[PDB]
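Next up is one chain by itself, shown in structure tokens, the form deposited in one PDB entry.
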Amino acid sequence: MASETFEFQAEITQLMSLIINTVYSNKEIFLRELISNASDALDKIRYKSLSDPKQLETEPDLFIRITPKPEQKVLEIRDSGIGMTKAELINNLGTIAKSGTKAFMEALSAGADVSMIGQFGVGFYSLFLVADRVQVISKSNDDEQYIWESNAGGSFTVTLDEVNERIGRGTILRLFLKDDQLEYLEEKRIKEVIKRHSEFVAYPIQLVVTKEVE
């Protein structure tokens, strides 16, 4: 169908505007936050499935998968977690006042390291360290597949998905990286960041690499 446009709660636009703009040095921390969110969403579907085994059947495999698309300057982080409905994408990523947004900003003002972000529960927004644009594509067992999109501006759009591959269940973060951050398209780099910050992760982390034959 057509897109629907929603306004960000005010503190979130302010937080995103901060992050997309500061010259902080340790930008690679965004990967840790996104893998951690992925692992959180897989924990949720697994716990859910204890009392409700059919919830896994839409995508039995539990994994996190990173797919550099160098030609489009895009990086994708996919999981087969619980996923989000339209209403969830709208509430959880935008319109509702995050608990810790404003607190995180106050901590940052006072010297805090940007890497604390995830302890304030707003780690998702670290992605604007390396992307100037994002699509969250998500399929919950309780809804169709939808695309949430934002460029750190004051509003985001949400659109029923008739353009991307079917996720059976879960979420893809599609990051449209900045020109100064194309290094995160590289295999060695990605591996190195994962080894340094996501050692204790219960799910396989897969890396999709494209190689010219012979």
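In case it trips you up, residue 1 is the first one in the sequence shown, and so on. Under this definition, the rigid core comprises the largest set of C-alpha atoms superposing within 1.5 Å between the forms.
Of the two stretches examined, 169-177 and 45-53, the record assigns the greater average C-alpha temperature factor to 45-53. A summary of the deposited B-factors shows that, of 178-186 and 155-163, the stretch with the larger mean C-alpha value is 178-186.
Per the deposited record, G94 carries the highest C-alpha B-factor of all listed residues (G118, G94, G83, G111).
Ranking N26, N37, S150, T67 by Cα temperature factor from the entry places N26 first. Among the modelled residues of its chain, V209 has a C-alpha B-factor that falls in the middle third, as given in the PDB entry. Placement of the Cα temperature factor of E106 within the chain: middle third of the modelled residues, per the deposited record. Sorting the modelled residues of the chain by their CA temperature factor places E88 in the lowest third. In the PDB entry, a CA B factor belonging to the middle third of its chain's modelled residues is recorded for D142.
Omitted here: the form deposited in another entry. The next part is about that form.
In a rigid core superposition between this form and the one not shown, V114 is the single residue of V74, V114, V136, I77 whose Cα is displaced by 2 Å or more. Comparing the forms between this form and the one not shown, the C-alpha position of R174 differs by less than 2 angstroms, with the core used for superposition.
Once the cores line up, the CA of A87 ends up less than 2 angstroms apart between this form and the one not shown. With the core held fixed, the Cα of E33 is displaced between this form and the one not shown by 2 Å or more. Three angstroms is the minimum change: in the other form, the CA atoms of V114 and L175 sit closer than in this structure, by 3 Å or more. Distance between the C-alpha atoms of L108 and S126: shorter by at least 3 Å in the other form than in the displayed form.
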